[PDB]
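Below is one structure, written out as structure tokens; the observations come after it.
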Amino acid sequence: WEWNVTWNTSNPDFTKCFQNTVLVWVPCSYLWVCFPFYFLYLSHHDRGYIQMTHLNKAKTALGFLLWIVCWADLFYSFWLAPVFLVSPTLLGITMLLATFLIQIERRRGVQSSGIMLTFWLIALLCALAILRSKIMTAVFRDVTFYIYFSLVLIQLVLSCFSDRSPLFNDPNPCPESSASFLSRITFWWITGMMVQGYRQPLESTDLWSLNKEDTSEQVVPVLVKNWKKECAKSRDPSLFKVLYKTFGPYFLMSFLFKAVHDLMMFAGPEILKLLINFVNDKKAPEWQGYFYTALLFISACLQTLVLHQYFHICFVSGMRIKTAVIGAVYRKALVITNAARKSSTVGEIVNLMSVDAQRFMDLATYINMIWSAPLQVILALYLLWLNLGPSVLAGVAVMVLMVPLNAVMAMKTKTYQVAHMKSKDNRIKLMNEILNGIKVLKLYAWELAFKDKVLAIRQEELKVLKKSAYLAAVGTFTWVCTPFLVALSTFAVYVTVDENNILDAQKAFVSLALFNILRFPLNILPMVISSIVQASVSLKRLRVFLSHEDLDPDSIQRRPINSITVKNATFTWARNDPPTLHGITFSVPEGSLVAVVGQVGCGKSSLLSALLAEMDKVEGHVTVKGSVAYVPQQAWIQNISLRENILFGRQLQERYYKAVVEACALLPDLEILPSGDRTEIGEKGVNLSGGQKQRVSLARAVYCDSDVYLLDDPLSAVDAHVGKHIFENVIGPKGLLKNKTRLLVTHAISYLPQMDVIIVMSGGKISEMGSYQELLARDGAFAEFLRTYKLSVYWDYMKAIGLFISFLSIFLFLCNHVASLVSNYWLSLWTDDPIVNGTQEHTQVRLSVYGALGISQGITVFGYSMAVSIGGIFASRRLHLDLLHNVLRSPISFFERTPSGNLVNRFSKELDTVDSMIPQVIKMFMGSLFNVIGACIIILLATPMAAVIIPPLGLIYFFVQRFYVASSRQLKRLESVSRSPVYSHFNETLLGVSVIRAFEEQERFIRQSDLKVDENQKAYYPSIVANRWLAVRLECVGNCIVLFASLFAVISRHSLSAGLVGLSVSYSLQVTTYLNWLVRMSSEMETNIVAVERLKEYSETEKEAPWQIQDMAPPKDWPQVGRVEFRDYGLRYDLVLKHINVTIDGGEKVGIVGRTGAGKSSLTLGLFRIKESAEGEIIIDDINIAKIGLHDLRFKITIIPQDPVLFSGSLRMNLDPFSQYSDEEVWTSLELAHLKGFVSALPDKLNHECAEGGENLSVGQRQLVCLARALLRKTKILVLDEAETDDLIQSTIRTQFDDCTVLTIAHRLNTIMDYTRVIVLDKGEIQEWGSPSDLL
Ligand SMILES: Nc1ncnc2c1ncn2[C@@H]1O[C@@H]2CO[P@](=O)(S)O[C@@H]3[C@H](O)[C@@H](CO[P@](=O)(S)O[C@H]2[C@H]1O)O[C@H]3n1cnc2c(N)ncnc21
């Protein structure tokens, strides 16, 4: 080995000794160190044995021949040089290990081998090096090497194909367990779903099944066993030891991958330095440059692959951790004791299964960086120290200064997040009031007053939004300025400290790239530490939960079908609490009806709990015989259909089910319910009354067909007749359970004489049990008891911002881009200056221009960021105003017809998406896009002839981005949807655990929780593999960019300078992260901007007639006398109102009578123009209503509706939202409304803060407040809608409103009789038109 023929030569040939020693020791050596380790995996992991195939044999036969050929060399050598003996024998022996290895891999079930692939690849490269040397040298021993190389190449090609699957069916399988090594490395096996997801929108059944190891049925038992072993071995069992003993061995493979990734990441800058030296070192061979470029490419590709495999390992381990923790928590919760369960909140345990398990899932990613981040940083620092000197300390002095500052920013906006949120809550509250009370507002035309309050709350919100906006600007400013800041600081210090310090390309750009690989190892440290602390508290929470005690099954001697036996048994609800049932003894024979009798808190329900092993048995002997059906006091209802509630996971028997349903008198309940017995009962579905829930619980118990029934007050909530019917057909001796041992807890005497045995107790003690007649004859405790009683959406958003602001932001951001680019170009020009008299010709003016360029970059970064901040706030204001106007201008038919509920999330969730997320997303997406464009242009500018690589790589990027965004924003939705049922099922199980355990159906519910967690994992796993697929494709694109940039710089290093090549390579190295985040941000934008599209709704939705016409406005006293005339009125709704020709004279009391379905109420809607007249000419006095603007008439006519709607705020704002009427008028109207006494009583006087809907006020008061509103209006036309205070409101409407014309729609004839001229409506027609005297 000497440098003349290997390094400094036109023809670089490895020396003969090097060829025969190191190039042969490398591959043979690889298999020798891996062989032992590989038995661990081959042994621990097995999948059967693969059959005898031609491929496997072909590989084995070539392994035999290859060994022979290599030993044939030893034979010829035997037929001087020491290397001609040991090397052939070593190669033959490692070859014999290779063929044995494919043999054992067949035995252990391996379709494709990564070892048997990397090993052949390394051997091939070594053979290639010797091959080239041997063909450049030119029979005797050469031909043996050619045969060896050809066989090795064919072996390598064979090793790529995947063998047949073993005899270990698998519908919709996961191709991970069947794909070959190359597909697993490149993650190609998911591209199928990627293309298919782009064409056919994914559903829950298209998702692949889970591999056997990820199923909860294979990860929960191992954790359960390990935790049991630790618990039985122990003081204070530790969950962390269990965790790292159970899933640690699979996790430790991440360590190697992380170390290799770190080393390969650092290998980049070293090769960059070598290339910068090469371009500066003219008169050097081109072979060195091409070797350096190939080294860069191979290192980058290998680092990408290893890192992405590391990512997959960590995510799979986290998924297993989550699944196992979920399963163990479920089983523990099903086992733990009531005493230990009551202390912890139910919501606490649900949080235990949600937030702590999710934190454990996410922790697996940032746990290796506990050592990767420091070492990286340290190593990077050392390299930087090797490069420049102590001055670099000042260069990083600001990076470490950004870690706290940025943190301080985030925490700050969190407080802002708390402020904004608070105001938003108020806003939505107010909006909710308007949404459920839009009827009253339109009637009084108070819409604009409420719009003003909404705008005031919006101003309050936008103040905090403006402050957060200004804070966000500097956060972006620092992020973009960091690179320039570190470069300028370190370079200025380096130049100023000593004039002999020469700034070369290697001394500027290598340290510049080391700064880029320093940003990440340092900025993630706070996140890592915070996640570790949260995971530690989660470990504490899980450990204390999993160490809880449990109920004792031994307490009850459950025996297969003297039925219930208790002797001298005392039970507790806790270990230290006193007994609740002291010294209980009783024997219940088979098929006997026993009633527990006592007062409240006696211990009746405790007896049934004790028979189910729910109480803590401190002493005694209980021998319940046969299956037990428990009807609890608090009915537990599953959210499944009523049929499956009664069935309870049991085979449906139509005759038995139909005998059970009516015997519980559940037939009326089935009839009222919409779908019958298929209705979704429970908290989530249709709510049921308590009696119905008790009925369903009893029906479930009766269907379960147990021999022993424990009925803890099944008839508490059912009525007396229903209860007697139930007892007759179910519990009584002539019911369904005639031969069943029934034990009932009751406090009702009605069925007591029919009971075979009455167990009467007092204070948890057996007190003279016996039969009813005998107990009555004894006249003791029982007698005492008885005696007790789409590109256009982007343009729309730009218009909402305004064209000027958007254009200015784009221009300033382009200015930032050009400033950064010219900063880089200035650095390149600066690094190329010659050295005269031992110092650069120019070094102060270059620093000044560098500083000026960077300061300009910083000011424009802070500027355009502030622009979009103001723009975003402007757009939020304009969009909210437009949406509010469209909503309030729409007719009532819109509110009635629209799904009531889709407006609320539009005002709350989508508006929140607009004002906060959209500006941040547009900022970071635009930044990433122009970072990519800047990398491309600085590559193309420095090397003009590099435009041939842009088209293919752009096509690859476009295809990958299209497929990923389309197929990932759907997988995320699938996973989100699937997550909720797990926590819902845990809530159901937690709520019904006593019933679950009593029926002994805990195994079925354990299996059910298996399915839901597996379903969630089936959608979560493709998402992370999708991220990996993005990752590999985009890093391949970036590595191709790096390779082509370096290649095109090396091919023309002469017409180029060192600094230009350095800058090109540094930016090409950076471009990969920018590309990845550009795709991720584009996906974010695509699913985010649609909010604006759904906020631009109701833009054309038919609106009401204009509120103010102002061309045909009425006079101030429009209702001069109040002469109403319905001239052929017809109201569309086919026609509810038809042929209405009536005349109500001014100041004449008129009422409207009719049955349900008539046009009584619709007639009022005619007066106020709620629905446009299909055919009609209603005219008040001498003016048509349809011509008048809505507000005008709605202000000149008043209505007292069915249910008065009192809005949140003061009483004065309820009476006069506009505050138009003076305080004296309000006081007079309130006094005239029989409310002066009450209104003077509130401490806040007229400013009494009434809650949502006036909950604090009574219904009578709210009605009188509505009457006060009508009285304060002082209008000549008033309408009344009648449904205790009726006497008061009727007298008040008869007191002073006699001057005004009053229409009255009352469902009661008593009040209408007083009003003359009654109009009767049969089906919209005027049945009778005359006074009540003419009516009778
Ligand atoms: N191997 C690696 N080496 C270098 N860095 C790596 C990395 N892997 C991950 N990153 C991260 O990718 C981003 C790289 O920077 P960019 O891609 S140039 O821009 C960021 C990014 O686009 C997104 C968030 O990406 P992010 O996860 S937060 O963090 C950084 C970086 O830490 O928004 C931008 N961004 C970040 N902060 C701000 C801000 N205050 N104002 C405006 N835009 C901001």
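Residue numbering: from 1, along the chain as shown.
In case you wondered, yes, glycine gets a Cβ from its N, Cα and C as well.
The annotation ATP 1 binding site is assigned in Swiss-Prot to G598, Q599, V600, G601, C602, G603, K604, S605 on the grounds of sequence analysis. Listed in sequence order, the residues of the same chain lying 6 or more apart from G598 (ATP 1 binding site) and placing their CB within less than 8 Å of its CB are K604, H747, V760, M761, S762, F785.
Take the CB of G1154 (ATP 2 binding site) and look out to 10 A: across all protein chains shown you find 19 other CB atoms. Swiss-Prot lists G1154, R1155, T1156, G1157, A1158, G1159, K1160, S1161 with the feature ATP 2 binding site.
Annotated domain 'ABC transmembrane type-1 2' per Swiss-Prot: 806-1087, in sequence order, evidence recorded as sequence analysis.
Reduced to three states, the DSSP call for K429 (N6-succinyllysine) is helix. Here Swiss-Prot flags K429 as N6-succinyllysine, drawing on similarity to another entry.
Applying DSSP to the topological domain 'Cytoplasmic' (40-59) sorts its residues as follows: 11 helix, 0 strand, 9 coil. Annotation source Swiss-Prot lists topological domain 'Cytoplasmic' at 40-59 (among others), citing similarity to another entry.
The topological domain 'Cytoplasmic' annotation in Swiss-Prot covers 100-111 (among others), and the record cites similarity to another entry as its basis.
Within the same chain, residues 7-10, 12, 295-296, 299-300, 302-303, 306, 376, 379-380, 383, 504-506, 509-510, 513-514, 517, 1046, 1049-1050, 1053-1054, 1056-1058, 1061-1062, 1065-1066, 1069 sit at least 6 positions outside the topological domain 'Extracellular' (264-289) and bring their C-beta atoms closer than 8 Å to a C-beta of that stretch. The annotation topological domain 'Extracellular' is assigned in Swiss-Prot to 264-289 (among others) on the grounds of similarity to another entry.
Sequence annotations record features per position, and here Swiss-Prot assigns topological domain 'Cytoplasmic' to 311-366 (among others) based on similarity to another entry. Break the topological domain 'Cytoplasmic' (311-366) down by DSSP state and the numbers are 49 helix, 1 strand, 6 coil.
The topological domain 'Cytoplasmic' feature in Swiss-Prot is assigned to 412-473 (among others). The residues of the topological domain 'Cytoplasmic' (412-473), classed with DSSP into helix (H, G, I), strand (E, B) and coil, number 59 helix, 0 strand, 3 coil.
According to Swiss-Prot, the topological domain 'Extracellular' annotation covers 495-516 (among others), on the basis of similarity to another entry. Here the topological domain 'Extracellular' (495-516) has Cβ contacts under 8 Å with residues 268-269, 272-273, 276-277, 280, 380, 383-384, 387-389, 391-392, 395-396, 399, 483, 486-487, 827-828, 830-832, 835, 838-840, 843, 847, 1057-1059, 1061-1063, 1065-1066, 1069-1070 of the same chain, all six or more residues outside its ends.
According to Swiss-Prot, the topological domain 'Extracellular' annotation covers 820-856 (among others), on the basis of similarity to another entry. Tertiary proximity for the topological domain 'Extracellular' (820-856) is limited to same-chain residues at least six positions away from its ends with a CB under 8 Å from its CB atoms, namely 481, 483-485, 487-488, 491-492, 495, 499-500, 502-505, 507-509, 934, 937-938, 942, 1057-1060, 1062-1063, 1067.
Sequence annotations record features per position, and here Swiss-Prot assigns topological domain 'Cytoplasmic' to 878-920 (among others). The list of residues near the topological domain 'Cytoplasmic' (878-920) in space but at least 6 beyond its ends in sequence, with Cβ under 8 angstroms from a Cβ of it, reads 420, 424, 427-428, 431-432, 435, 438-439, 442, 447, 451, 454-455, 458, 465, 468-469, 472, 797, 800, 868-869, 871-872, 1088-1089, 1091-1092, 1094-1099, 1101-1104, 1170-1172.
Annotated topological domain 'Cytoplasmic' per Swiss-Prot: 964-1034 (among others), in sequence order, evidence recorded as similarity to another entry.
Look at Swiss-Prot and you will find 112-132 (among others) tagged as transmembrane segment, backed by sequence analysis.
Annotation comment: Swiss-Prot describes 143-163 (among others) as transmembrane segment, evidence class sequence analysis. Note on the transmembrane segment (143-163): residues 50, 53, 55-56, 58-59, 62-63, 65-66, 69-70, 72-73, 76, 106, 110-113, 116-117, 120-121, 123-124, 127-128, 130-131, 134, 178-182 of its chain, located 6 or more positions outside it, place their CB under 8 angstroms from a CB of the stretch.
The transmembrane segment annotation in Swiss-Prot covers 243-263 (among others).
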Nearest-integer angstrom distance between the alpha carbons (Cα) of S605 (ATP 1 binding site) and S1161 (ATP 2 binding site): 53
Structural state census, the topological domain 'Cytoplasmic' (964-1034) (DSSP three-state): 68 helix, 0 strand, 3 coil
Criterion met for the transmembrane segment (367-387) and the transmembrane segment (243-263) (at least three Cβ pairs under 8 Å): yes
Cα-nearest neighbour of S1161 (ATP 2 binding site) within the listed recorded positions, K429, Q599, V600: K429
Outside the transmembrane segment (943-963), six or more residues from its ends: residues with CB under 8 Å to it: 191, 194-195, 197-198, 936, 1029-1030, 1033-1034, 1036-1037, 1040-1041, 1044-1045, 1048-1049, 1052, 1056, 1064, 1075, 1079, 1082
Top Cα neighbour of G603 (ATP 1 binding site) in the set of binding-site residues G1154, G1157, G1159: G1157
Residue among binding-site residues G603, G1157 with least C-beta crowding, 10 angstrom cut-off: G1157
DSSP-derived structure type at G1157 (ATP 2 binding site), helix or strand or else coil: coil
Cα proximity to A1158 (ATP 2 binding site), best match among recorded positions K429, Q599, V600, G601, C602: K429
Count of other CB atoms lying within 10 Å of the CB belonging to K604 (ATP 1 binding site): 26
Distance [Cα-Cα, Å, rounded] between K1160 (ATP 2 binding site) and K429 (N6-succinyllysine): 33
